[PDB]
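Heads up, the thing below is written out as structure tokens.
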Amino acid sequence: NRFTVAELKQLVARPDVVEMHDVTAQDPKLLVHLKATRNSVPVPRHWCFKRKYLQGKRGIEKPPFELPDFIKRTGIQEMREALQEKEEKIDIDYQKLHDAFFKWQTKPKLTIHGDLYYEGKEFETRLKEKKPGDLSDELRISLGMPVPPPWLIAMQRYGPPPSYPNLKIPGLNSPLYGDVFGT
Amino acid sequence: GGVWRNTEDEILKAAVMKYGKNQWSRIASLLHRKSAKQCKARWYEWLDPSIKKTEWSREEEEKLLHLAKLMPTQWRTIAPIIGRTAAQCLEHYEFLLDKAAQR
Amino acid sequence: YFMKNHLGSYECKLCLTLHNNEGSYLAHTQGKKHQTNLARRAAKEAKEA
Amino acid sequence: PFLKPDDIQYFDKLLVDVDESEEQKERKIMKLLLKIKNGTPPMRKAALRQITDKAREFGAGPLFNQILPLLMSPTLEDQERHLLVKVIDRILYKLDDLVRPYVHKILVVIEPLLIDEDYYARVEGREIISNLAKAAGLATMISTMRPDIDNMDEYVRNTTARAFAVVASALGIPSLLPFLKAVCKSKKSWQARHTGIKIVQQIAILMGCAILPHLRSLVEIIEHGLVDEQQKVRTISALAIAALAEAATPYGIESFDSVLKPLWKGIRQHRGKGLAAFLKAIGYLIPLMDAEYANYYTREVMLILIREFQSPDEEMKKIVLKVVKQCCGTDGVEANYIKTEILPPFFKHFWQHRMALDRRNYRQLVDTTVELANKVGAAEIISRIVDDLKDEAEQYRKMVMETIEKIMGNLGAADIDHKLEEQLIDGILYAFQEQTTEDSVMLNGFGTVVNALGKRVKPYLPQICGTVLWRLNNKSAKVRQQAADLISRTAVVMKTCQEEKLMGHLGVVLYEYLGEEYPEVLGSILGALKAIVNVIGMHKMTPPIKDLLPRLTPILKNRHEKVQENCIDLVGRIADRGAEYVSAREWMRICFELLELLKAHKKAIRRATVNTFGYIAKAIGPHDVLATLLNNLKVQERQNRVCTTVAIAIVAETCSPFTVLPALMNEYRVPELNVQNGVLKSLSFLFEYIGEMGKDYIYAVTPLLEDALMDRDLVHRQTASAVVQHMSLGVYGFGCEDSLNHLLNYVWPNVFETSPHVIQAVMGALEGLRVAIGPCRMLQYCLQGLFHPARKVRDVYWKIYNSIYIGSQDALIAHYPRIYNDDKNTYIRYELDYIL
Amino acid sequence: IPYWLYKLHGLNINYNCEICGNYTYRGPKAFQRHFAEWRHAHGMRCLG
Amino acid sequence: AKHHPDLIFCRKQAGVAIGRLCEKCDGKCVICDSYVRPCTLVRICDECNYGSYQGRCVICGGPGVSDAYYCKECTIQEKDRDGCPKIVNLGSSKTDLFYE
RNA sequence: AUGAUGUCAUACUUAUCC
RNA sequence: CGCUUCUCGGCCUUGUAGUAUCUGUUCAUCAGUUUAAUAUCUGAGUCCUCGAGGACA
């Protein structure tokens with residue numbers, strides 16, 4: 001009465017989204033069509049868990065919260081800390097707070113419509129895929145080269161990398177400005 | 001108050017071993033549940049290392065039976081003489097000897 | 001493993017649990033054997049004994 | 001926990017210490033009852049839950065076997081009774097098919113709850129019989145309860161009738177009709193029919209207004225008893241008609257139709273109680289007839305109504321009383337006829353000291369007299385009853401006093417002439433000067449009289465206020481509070497007539513009593529001051545605010561429920577209105593004193609407190625006072641904190657939050673957790689109050705919600721989610737949806753949990769997010785979860801999908817994806833694929 | 001003998017991957033990870 | 001609500017009787033149970049307001065003085081277009097407080 | 001190395017309530 | 001190659017409802033019920049001796 005997962009994956013045009021719990025549904029064809037939509041979002045990962053999505057962060061004691069630059073550039077945090085130290089007033093300004101709230105307003109980092117909150121969502125700070133020919137600033141500092149990164153001197157001798165065959169890096173077969181020395 | 005939990009008893013034993021014996025105010029500033037007199041009473045009653053909390057024999061029962069008639073009151077005077085020195089095990093043993101011999 | 005909270009409480013880092021009073025963190029020393037679970041991290045940090 | 005010396009008989013099995021060796025161990029462990037009966041409140045709580053979850057385990061048999069004796073105990077308490085009632089409820093929310101053998105075995109103990117002096121006992125009883133009947137089956141109830149109909153004792157018959165009333169409210173009238181309609185035609189014996197008719201009545205009382213649809217069938221049942229040879233059946237019958245018509249709101253008159261012609265005839269020939277009963281029925285009927293037919297019929301009833309005033313029966317007097325209300329309160333009745341025929345005997349026989357001492361007779365008398373005033377006019381009634389204000393007894397004076405009160409409330413004082421008005425004011429003062437008990441009736445009475453008289457009262461003031469001051473001494477404990485309140489309610493009258501000397505008097509005189517040590521007095525004093533502030537303005541206060549307010553400031557320690565109330569109120573009025581007269585230093589001191597007023601056990605105290613704190617927040621400006629809020633230790637878990645949070649909200653409103661937010665958002669940094677969730681709440685209420693203005697600050701709060709919604713501990717996810725809710729309703733339609741989608745990501749994993757507050761929180765969250773984002777995105781998160789046969793994901797995603805489904809069901813159409821058609825069914829909707 | 005730990009982890013479960021050189025798996029997650037592995041991809045590349 | 005979670009509403013048919021609030025429960029909302037942003041008035045059912053049931057509070061059930069209103073957050077969330085929210089049941093509230 | 005249950009404190013919520 | 005003393009230096013003195021994280025606690029073989037996966041009711045050569053041992057097929 002219930003089809004197997006291989007028969008459901010062979011019949012579906014997009015078999016990279018089928019799960020093991022979708023065979024126990026009442027209509028796998030409609031679920032497979034709805035799961036393969038263009039702008040659809042998946043369900044949360046707490047459907048099979050037993051921690052109720054809030055009991056996993058028991059021993060994690062990180063920073064409770066961080067204030068923005070528009071609030072830190074007003075001097076209210078230091079005055080509040082001085083008042084808390086005196087209790088355990090300021091009257092700095094009235095137009096500077098309005099200027100920090102209107103003119104010096106910083107747009108926060110929002111998220112995508114499909115960017116749902118994961119369980120941990122703090123130890124997986126993934127970011128695109130900084131590949132061959134493109135590096136971050138600081139690691140430039142450790143490397144200490146003034147404005148090729150010097151092991152692309154040895155990418156001369158030993159050859160183009162097996163891992164990224166399509167590679168071009170400056171000065172060799174790739175005829176470079178700022179950070180990015182290969183594409 | 002004075003529930004005398006096991007985690008508080010271990011902290012009181014560590015404070016008696018680390019700070020000292022004749023400093024009750026120094027031991028009461030690291031528990032946040034009892035006063036200095038209650039901590040000293042607990043250290044002299046249950047947290048003392050010389051307290052014989054077990055091994056009730058017939059020689060001690062005969063010693064306590066031959067002492068409760070000579071002195072009916074003042075059980076604290078017969079605490080160190082009998083050898084229990086807990087000031088509550090003597091009354092409990094007297095109650096057990098009075099209940100078992102009554103039937 | 002003893003860590004202080006921002007409200008006057010203790011929190012165990014190795015046991016990854018909360019402590020209500022000062023006696024609670026002082027009773028997770030003999031107990032809460034997270035020290036025996038550090039042998040895997042010690043073997044991962046150093047392959048030799 | 002301890003055993004009373006009698007309860008041993010029940011709990012003896014627990015006393016023996018033999019232990020650890022089947023059913024005998026279930027009865028033995030069932031003594032947790034004892035923990036419910038006697039013990040500490042926590043033992044009762046935990047025990048109660050433990051036995052709730054063991055219902056399905058132990059079964060109804062052992063429980064009731066071990067309970068019904070206790071609830072049957074001759075020594076039973078009040079509380080213990082009520083508690084056993086609670087356990088019976090809570091176990092009967094679960095057990096359904098199981099209770100069938102025990103239903104009667106339950107009701108026998110429970111039916112005595114329906115007839116009781118305690119009201120709460122009665123509403124409980126009706127509730128648990130509702131749960132039992134609905135819990136069991138109809139046929140279970142019916143087949144159960146028959147033999148109690150013909151039972152010799154009438155007690156069980158009666159309480160059984162109310163039982164059928166309750167079960168009929170449960171399972172509805174039409175289901176139970178054929179049973180009844182069969183009963184009232186039973187030819188065996190009369191007692192049955194008497195019972196069934198009583199059942200008709202108690203159904204009338206219980207269901208009340210909702211009888212309406214089946215009224216016809218019910219009447220068609222009952223009608224055959226009016227002519228029966230037995231008397232009771234006739235009496236209780238017509239009574240049941242009465243109850244019907246009384247629940248029969250101005251309609252279904254023709255349904256009673258065929259009933260009338262016998263009744264009227266009976267009106268002639270009857271002696272005794274049955275007569276009065278008919279008068280009750282007809283009485284409630286007449287308002288439902290036509291003023292033409294009811295003209296004749298009424299004019300016939302008036303005769304007997306007159307003749308029957310004089311009977312010593314108090315049942316009689318109740319009936320004929322309410323009758324006189326309905327008959328003579330008819331728009332189709334002529335004044336002069338009442339004025340002549342009725343009023344003199346009415347005030348003769350009915351106004352006497354037998355009546356007033358009773359309760360129901362008191363009330364009903366008040367009402368009837370009020371209506372007679374409503375027709376014949378004011379000066380008549382009042383003019384006849386004024387002389388009784390000076391009568392000795394209290395309760396009688398109280399009666400005529402509240403009567404005058406309601407009368408002058410409705411008709412207005414304009415009708416009253418001069419002399420009778422002198423007798424009025426003197427009467428009211430005189431009666432007011434002797435007060436045996438403390439009560440509103442005399443006070444509200446006086447106030448309404450004066451405010452109704454308007455400025456016709458002006459010549460009488462000096463006598464009034466002379467009495468007010470002299471009484472304002474006499475006895476502080478008893479009468480101080482009362483004379484004070486008298487001032488409070490007479491303020492406006494002492495104002496508009498422009499007697500300024502009197503305002504000087506009350507101002508400084510009352511000013512002097514603020515050192516009174518008795519709280520119950522002082523409260524009334526502050527109240528009086530309040531009322532005086534609302535008439536004479538700020539700058540004209542005879543005790544200039546510079547004097548007054550700092551004199552008020554120290555009183556806030558007073559603990560007292562009335563002092564704190566009125567005090568905080570007045571500090572609110574002055575702090576809101578003038579607010580300049582007092583220097584800022586005084587104000588900030590007021591703040592640091594206000595901070596601990598939030599320990600109040602009363603909600604209105606905190607109310608006025610927070611609103612004041614907002615007012616003075618306007619008087620000064622935000623930063624300092626919101627810092628003083630952030631000083632808070634949070635020390636109390638059960639509330640006592642979140643009121644400060646509310647102050648943070650309202651403070652953030654009073655001057656633009658456009659200023660305040662950075663301080664707060666910085667103060668989330670602090671490692672102390674409970675204040676972290678505190679400032680989360682502050683954001684919640686904050687957006688709830690700001691509404692539209694959040695079109696900007698959304699961004700500012702967004703990353704912090706990210707940090708909070710990412711879970712340190714559940715309360716973070718909960719409160720933050722509430723913030724997402726109120727933000728989501730507030731920002732609607734302004735085009736910020738993007739960041740709300742981002743936050744919805746982090747919201748989404750929290751869907752799964754059993755904690756009630758976090759799951760209902762998340763529900764509110766996703767509902768607000770539904771309206772703000774639009775359904776399409778929601779549904780795109782809710783599709784795949786439907787399918788899941790796992791006993792969890794489907795439960796939840798279907799709960800969500802329902803929440804999304806009920807609202808905006810109209811707009812969902814476009815977003816259902818394409819679903820291919822199988823063999824037997826065509827799942828493609830081709831209408832959308834028609835192309836021009 | 002960790003019987004409950006092996007039952008909760010999913011051990012002693014009948015599973016086999018014919019693409020990964022007809023190997024057997026002691027669990028469904030192990031069968032899912034063995035279908036996309038180095039040996040399974042090597043056998044798929046050697047099969048063509 | 002947040003104070004009483006076991007209380008059930010009436011949810012009957014909406015009539016023409018305007019709802020009222022008691023002096024102890026003045027300003028509190030019926031659904032949202034808030035004190036700010038009143039947008040829509042409260043309407044009572046026909047059976048819920050008849051004779052002695054008229055002029056009573058919806059939430060408190062005591063003597064109503066001022067007319068009750070619904071919150072704007074409940075109005076925008078379409079929580080005010082439901083049935084008459086008259087408090088019919090009264091459980092685990094004001095029962096043991098009468099004994100003390 | 002999560003999770004399991006159970007004796008047992010500790011915080012938190014419900015504007016909980018005389 | 002081992003051991004004792006002495007010196008110098010690197011240095012540590014209230015009434016009710018519900019929730020979790022702490023800490024003690026531990027996780028006889030087929031078939032189906034159930035459960036996310038877990039547990040479960042029911043199922044299984046002769047003789048002798050006190051589940052075990054021996055003998056025979």
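Identifiers in the structure tokens: chain A, B, ... in order shown; residue index from 1 per chain; ligand index from 1 in order shown.
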Using only C-alpha atoms, find each residue in chain C having at least one atom no more than 9 Å away from chain D; report its shortest atom-to-atom pair and that distance in Å (one decimal), rows by chain then rising number, as CSV.
residue,atom,partner,partner_atom,distance
C:5,CA,D:671,CA,6.2
C:6,CA,D:672,CA,3.4
C:7,CA,D:672,CA,4.0
C:8,CA,D:672,CA,7.6
C:9,CA,D:672,CA,8.8
When you get a sec, could you note down which chain F residues fall within 10 Å of chain H, using only C-alpha atoms (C1' of nucleotides), as a ChimeraX atom specification? /F:4-6,92-93,96-97,100
Which residues are close to stretch 28-40 of chain A, i.e. within 10 Å by only C-alpha atoms (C1' of nucleotides), leaving aside same-chain residues fewer than 4 positions away? Reply as JSON, numbers by chain. {"A": [2, 3, 8, 9, 11, 12, 13, 14, 15, 16, 17, 18, 19, 22, 23, 24, 113, 114], "D": [776, 777, 778, 779, 780, 781, 782, 783, 784, 785, 786, 787, 788, 816, 817, 818, 819, 820, 821, 822, 827]}
Between chain A and chain H, at 12 Å or less, what are the per-residue closest atom pairs and their distances in Å? Count only C-alpha atoms (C1' of nucleotides), order by chain and rising residue number, and return it as a Markdown table.
| residue | atom | partner | partner_atom | distance |
| --- | --- | --- | --- | --- |
| A:20 | CA | H:36 | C1' | 11.5 |
| A:21 | CA | H:36 | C1' | 9.4 |
| A:24 | CA | H:36 | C1' | 11.8 |
| A:46 | CA | H:36 | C1' | 11.0 |
| A:47 | CA | H:36 | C1' | 8.7 |
| A:48 | CA | H:36 | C1' | 5.6 |
| A:49 | CA | H:36 | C1' | 7.9 |
| A:50 | CA | H:36 | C1' | 8.9 |
| A:51 | CA | H:20 | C1' | 11.3 |
| A:52 | CA | H:20 | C1' | 11.7 |
| A:54 | CA | H:20 | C1' | 10.2 |
| A:55 | CA | H:20 | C1' | 8.1 |
| A:56 | CA | H:21 | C1' | 10.6 |
| A:57 | CA | H:21 | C1' | 10.1 |
| A:58 | CA | H:21 | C1' | 7.0 |
| A:59 | CA | H:21 | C1' | 9.3 |
Just-selected residues, N, CA, C and O atoms written as an mmCIF file, in the first residue's frame:
data_model
loop_
_atom_site.group_PDB
_atom_site.id
_atom_site.type_symbol
_atom_site.label_atom_id
_atom_site.label_comp_id
_atom_site.auth_asym_id
_atom_site.auth_seq_id
_atom_site.Cartn_x
_atom_site.Cartn_y
_atom_site.Cartn_z
ATOM 1 N N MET A 20 13.440 10.026 4.018
ATOM 2 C CA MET A 20 12.996 8.702 4.431
ATOM 3 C C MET A 20 11.623 8.723 5.092
ATOM 4 O O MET A 20 10.950 7.686 5.123
ATOM 5 N N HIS A 21 11.198 9.869 5.618
ATOM 6 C CA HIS A 21 9.902 9.981 6.273
ATOM 7 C C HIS A 21 8.778 10.349 5.315
ATOM 8 O O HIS A 21 7.611 10.344 5.723
ATOM 9 N N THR A 24 5.978 7.533 4.371
ATOM 10 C CA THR A 24 4.904 7.265 5.319
ATOM 11 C C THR A 24 3.761 8.275 5.230
ATOM 12 O O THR A 24 2.901 8.295 6.119
ATOM 13 N N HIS A 46 13.254 19.904 13.891
ATOM 14 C CA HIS A 46 12.735 19.457 15.178
ATOM 15 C C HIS A 46 11.502 18.575 15.024
ATOM 16 O O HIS A 46 10.790 18.335 16.005
ATOM 17 N N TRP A 47 11.232 18.090 13.810
ATOM 18 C CA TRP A 47 10.093 17.203 13.605
ATOM 19 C C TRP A 47 10.367 15.807 14.149
ATOM 20 O O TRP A 47 9.436 15.113 14.572
ATOM 21 N N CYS A 48 11.631 15.382 14.144
ATOM 22 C CA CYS A 48 12.019 14.081 14.666
ATOM 23 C C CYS A 48 12.823 14.167 15.957
ATOM 24 O O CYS A 48 13.046 13.136 16.598
ATOM 25 N N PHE A 49 13.259 15.361 16.349
ATOM 26 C CA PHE A 49 14.052 15.517 17.557
ATOM 27 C C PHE A 49 13.171 15.434 18.798
ATOM 28 O O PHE A 49 11.943 15.546 18.734
ATOM 29 N N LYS A 50 13.820 15.233 19.948
ATOM 30 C CA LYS A 50 13.132 15.128 21.228
ATOM 31 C C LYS A 50 13.647 16.144 22.241
ATOM 32 O O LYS A 50 13.467 15.960 23.448
ATOM 33 N N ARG A 51 14.287 17.217 21.776
ATOM 34 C CA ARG A 51 14.817 18.254 22.651
ATOM 35 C C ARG A 51 14.005 19.540 22.595
ATOM 36 O O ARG A 51 14.358 20.509 23.275
ATOM 37 N N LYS A 52 12.940 19.568 21.784
ATOM 38 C CA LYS A 52 11.997 20.684 21.634
ATOM 39 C C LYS A 52 12.667 21.985 21.186
ATOM 40 O O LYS A 52 12.184 23.073 21.522
ATOM 41 N N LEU A 54 15.047 23.809 22.039
ATOM 42 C CA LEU A 54 15.501 24.826 22.981
ATOM 43 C C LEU A 54 16.263 24.249 24.168
ATOM 44 O O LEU A 54 16.667 25.016 25.053
ATOM 45 N N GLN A 55 16.481 22.938 24.220
ATOM 46 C CA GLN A 55 17.176 22.318 25.340
ATOM 47 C C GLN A 55 18.602 21.905 25.003
ATOM 48 O O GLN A 55 19.295 21.365 25.871
ATOM 49 N N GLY A 56 19.058 22.145 23.776
ATOM 50 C CA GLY A 56 20.405 21.781 23.393
ATOM 51 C C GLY A 56 21.485 22.744 23.825
ATOM 52 O O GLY A 56 22.654 22.358 23.897
ATOM 53 N N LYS A 57 21.123 23.993 24.113
ATOM 54 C CA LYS A 57 22.090 25.003 24.543
ATOM 55 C C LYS A 57 22.104 25.112 26.068
ATOM 56 O O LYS A 57 21.743 26.129 26.658
ATOM 57 N N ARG A 58 22.531 24.022 26.707
ATOM 58 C CA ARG A 58 22.568 23.977 28.165
ATOM 59 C C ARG A 58 23.831 24.636 28.711
ATOM 60 O O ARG A 58 23.762 25.624 29.448
ATOM 61 N N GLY A 59 24.996 24.100 28.355
ATOM 62 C CA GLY A 59 26.261 24.600 28.847
ATOM 63 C C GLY A 59 26.892 25.713 28.045
ATOM 64 O O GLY A 59 27.978 26.180 28.401
#
All residues 10 Å or closer to stretch 40-52 of chain F, only C-alpha atoms (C1' of nucleotides), same chain fewer than 5 positions away omitted, as a ChimeraX atom specification: /D:207-210,246-247,249 /F:10-21,29-30,57-58,67-72,74-75,80-81,83-88
Residues within 10 Å of residue E:30, please, as an MDAnalysis selection string. Count only C-alpha atoms (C1' of nucleotides); anything in the same chain fewer than 2 positions from it doesn't count. chainID E and resid 10:11 13 15:17 24:28 32:35
Keeping only C-alpha atoms, take the residues you just selected and write them out as a PDB file, in the first residue's frame.
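Generated file (again_35.pdb):
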ATOM      1  CA  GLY E  10      20.547   1.865  15.053  1.00  0.00           C
ATOM      2  CA  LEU E  11      22.947  -1.090  15.128  1.00  0.00           C
ATOM      3  CA  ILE E  13      19.883  -3.353  11.194  1.00  0.00           C
ATOM      4  CA  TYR E  15      20.921  -3.074   5.046  1.00  0.00           C
ATOM      5  CA  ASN E  16      22.990  -3.683   1.925  1.00  0.00           C
ATOM      6  CA  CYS E  17      24.372  -1.441  -0.816  1.00  0.00           C
ATOM      7  CA  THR E  24      26.357  -4.761   3.820  1.00  0.00           C
ATOM      8  CA  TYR E  25      25.400  -2.023   6.280  1.00  0.00           C
ATOM      9  CA  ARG E  26      24.419  -2.349   9.941  1.00  0.00           C
ATOM     10  CA  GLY E  27      22.080   0.649   9.801  1.00  0.00           C
ATOM     11  CA  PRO E  28      19.955   2.833   7.531  1.00  0.00           C
ATOM     12  CA  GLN E  32      22.751   6.072   3.153  1.00  0.00           C
ATOM     13  CA  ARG E  33      26.346   7.171   3.785  1.00  0.00           C
ATOM     14  CA  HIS E  34      27.760   4.073   2.064  1.00  0.00           C
ATOM     15  CA  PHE E  35      25.783   4.732  -1.126  1.00  0.00           C
TER      16      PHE E  35
END
Which chain F residues are at most 8 Å from chain D (counting only C-alpha atoms), as a PyMOL selection string? chain F and resi 24+36-37+47+50+73+76-78+95+99
Would you save the residues of that selection, restricted to N, CA, C and O atoms, as an mmCIF file, in the first residue's frame?
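Generated output (again11.cif):
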data_model
loop_
_atom_site.group_PDB
_atom_site.id
_atom_site.type_symbol
_atom_site.label_atom_id
_atom_site.label_comp_id
_atom_site.auth_asym_id
_atom_site.auth_seq_id
_atom_site.Cartn_x
_atom_site.Cartn_y
_atom_site.Cartn_z
ATOM 1 N N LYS F 24 -13.351 46.972 38.385
ATOM 2 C CA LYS F 24 -12.091 46.320 38.719
ATOM 3 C C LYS F 24 -11.347 45.850 37.477
ATOM 4 O O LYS F 24 -10.120 45.723 37.506
ATOM 5 N N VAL F 36 -3.595 49.077 26.202
ATOM 6 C CA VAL F 36 -3.409 50.141 25.231
ATOM 7 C C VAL F 36 -4.055 49.739 23.912
ATOM 8 O O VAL F 36 -4.404 48.575 23.685
ATOM 9 N N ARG F 37 -4.224 50.742 23.037
ATOM 10 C CA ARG F 37 -4.711 50.653 21.661
ATOM 11 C C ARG F 37 -6.100 50.028 21.573
ATOM 12 O O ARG F 37 -6.247 48.908 21.070
ATOM 13 N N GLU F 47 -28.283 35.751 24.470
ATOM 14 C CA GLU F 47 -28.555 34.963 25.666
ATOM 15 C C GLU F 47 -27.643 35.372 26.816
ATOM 16 O O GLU F 47 -27.993 35.184 27.985
ATOM 17 N N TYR F 50 -29.509 39.137 29.285
ATOM 18 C CA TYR F 50 -30.958 39.058 29.396
ATOM 19 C C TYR F 50 -31.340 39.111 30.867
ATOM 20 O O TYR F 50 -30.968 38.223 31.639
ATOM 21 N N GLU F 73 -4.461 45.313 18.401
ATOM 22 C CA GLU F 73 -3.661 44.170 17.977
ATOM 23 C C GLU F 73 -4.533 42.947 17.728
ATOM 24 O O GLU F 73 -4.232 42.141 16.840
ATOM 25 N N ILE F 76 -6.514 43.918 14.289
ATOM 26 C CA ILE F 76 -5.741 43.705 13.072
ATOM 27 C C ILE F 76 -5.462 42.230 12.820
ATOM 28 O O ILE F 76 -5.264 41.833 11.667
ATOM 29 N N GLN F 77 -5.440 41.408 13.867
ATOM 30 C CA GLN F 77 -5.247 39.971 13.719
ATOM 31 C C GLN F 77 -6.552 39.217 13.510
ATOM 32 O O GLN F 77 -6.535 37.979 13.550
ATOM 33 N N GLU F 78 -7.664 39.937 13.308
ATOM 34 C CA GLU F 78 -9.003 39.379 13.065
ATOM 35 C C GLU F 78 -9.469 38.485 14.215
ATOM 36 O O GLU F 78 -10.172 37.494 14.011
ATOM 37 N N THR F 95 -12.034 30.547 43.963
ATOM 38 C CA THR F 95 -12.694 29.431 44.622
ATOM 39 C C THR F 95 -12.109 29.151 45.997
ATOM 40 O O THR F 95 -12.851 29.100 46.984
ATOM 41 N N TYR F 99 -12.549 30.880 50.774
ATOM 42 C CA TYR F 99 -12.362 30.203 52.049
ATOM 43 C C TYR F 99 -11.393 30.939 52.968
ATOM 44 O O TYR F 99 -11.467 30.764 54.188
#
Run DSSP on the backbone of this structure and report the residues of stretch 1-95 of chain F it assigns to strand (DSSP E), as a ChimeraX atom specification. /F:14-18,20-22,38-41,43-45,64-67,69-71
Any chance you could export the current selection's N, CA and C atoms as a compact mmCIF listing (two decimals), in the first residue's frame?
# COMPACT_ATOMS: atom_id res chain seq x y z
N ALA F 14 -23.38 36.94 17.69
CA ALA F 14 -23.28 38.35 18.02
C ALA F 14 -24.64 39.02 17.87
N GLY F 15 -25.05 39.75 18.89
CA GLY F 15 -26.32 40.47 18.90
C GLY F 15 -26.12 41.96 18.80
N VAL F 16 -27.07 42.71 19.36
CA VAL F 16 -27.01 44.17 19.35
C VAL F 16 -26.67 44.73 20.73
N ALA F 17 -26.46 43.87 21.72
CA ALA F 17 -26.14 44.32 23.07
C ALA F 17 -24.66 44.68 23.14
N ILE F 18 -24.37 45.93 23.48
CA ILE F 18 -22.99 46.39 23.62
C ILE F 18 -22.43 45.87 24.94
N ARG F 20 -19.94 45.55 28.30
CA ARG F 20 -19.51 46.46 29.35
C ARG F 20 -18.38 45.82 30.15
N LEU F 21 -17.65 46.67 30.88
CA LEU F 21 -16.56 46.22 31.72
C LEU F 21 -16.77 46.72 33.14
N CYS F 22 -16.33 45.91 34.11
CA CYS F 22 -16.48 46.25 35.52
C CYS F 22 -15.47 47.32 35.92
N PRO F 38 -7.14 50.71 22.05
CA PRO F 38 -8.50 50.22 21.83
C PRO F 38 -9.04 50.71 20.50
N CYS F 39 -9.56 49.77 19.71
CA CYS F 39 -10.00 50.10 18.36
C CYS F 39 -11.45 49.74 18.08
N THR F 40 -11.94 48.63 18.63
CA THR F 40 -13.29 48.16 18.36
C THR F 40 -14.00 47.87 19.67
N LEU F 41 -15.28 48.22 19.74
CA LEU F 41 -16.07 47.96 20.93
C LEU F 41 -16.44 46.48 21.01
N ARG F 43 -19.15 43.50 21.63
CA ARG F 43 -20.56 43.18 21.49
C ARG F 43 -20.84 41.86 22.19
N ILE F 44 -21.95 41.80 22.92
CA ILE F 44 -22.31 40.63 23.70
C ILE F 44 -23.38 39.84 22.95
N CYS F 45 -23.56 38.59 23.38
CA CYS F 45 -24.58 37.73 22.79
C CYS F 45 -25.96 38.07 23.36
N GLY F 64 -20.80 45.83 35.73
CA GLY F 64 -20.18 46.63 34.70
C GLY F 64 -20.57 48.09 34.79
N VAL F 65 -19.58 48.96 34.60
CA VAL F 65 -19.79 50.40 34.68
C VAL F 65 -19.55 51.02 33.31
N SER F 66 -18.34 50.88 32.80
CA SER F 66 -17.96 51.42 31.50
C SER F 66 -18.04 50.33 30.44
N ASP F 67 -18.17 50.76 29.19
CA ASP F 67 -18.25 49.83 28.08
C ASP F 67 -16.87 49.26 27.75
N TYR F 69 -13.99 47.34 25.36
CA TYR F 69 -13.52 47.47 23.99
C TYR F 69 -12.43 46.43 23.73
N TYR F 70 -12.20 46.16 22.45
CA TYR F 70 -11.19 45.20 22.03
C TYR F 70 -9.91 45.92 21.64
N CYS F 71 -8.79 45.21 21.74
CA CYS F 71 -7.49 45.77 21.43
C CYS F 71 -7.31 45.89 19.91
Select, as an NGL selection string, those residues of chain C with any atom no more than 10 Å from chain G (distances computed using only C-alpha atoms (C1' of nucleotides)). :C and (18-21 or 24 or 37 or 40)
Residues of chain E within 12 Å of chain G, counting only C-alpha atoms (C1' of nucleotides), what are they? List them as a PyMOL selection string. chain E and resi 4-5+7-9
For the residues in that selection, give me N, CA and C atoms as an mmCIF file, in the first residue's frame.
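Contents of result-v5.cif, freshly written:
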data_model
loop_
_atom_site.group_PDB
_atom_site.id
_atom_site.type_symbol
_atom_site.label_atom_id
_atom_site.label_comp_id
_atom_site.auth_asym_id
_atom_site.auth_seq_id
_atom_site.Cartn_x
_atom_site.Cartn_y
_atom_site.Cartn_z
ATOM 1 N N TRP E 4 20.990 -1.329 24.815
ATOM 2 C CA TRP E 4 20.147 -0.155 24.620
ATOM 3 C C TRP E 4 20.841 0.925 23.802
ATOM 4 N N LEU E 5 22.156 1.089 23.970
ATOM 5 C CA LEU E 5 22.890 2.077 23.186
ATOM 6 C C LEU E 5 22.973 1.672 21.719
ATOM 7 N N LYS E 7 20.765 -0.252 20.269
ATOM 8 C CA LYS E 7 19.406 -0.176 19.745
ATOM 9 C C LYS E 7 19.016 1.264 19.429
ATOM 10 N N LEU E 8 19.446 2.211 20.265
ATOM 11 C CA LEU E 8 19.128 3.616 20.023
ATOM 12 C C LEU E 8 19.970 4.179 18.883
ATOM 13 N N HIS E 9 21.205 3.686 18.735
ATOM 14 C CA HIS E 9 22.068 4.171 17.664
ATOM 15 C C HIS E 9 21.658 3.606 16.311
#
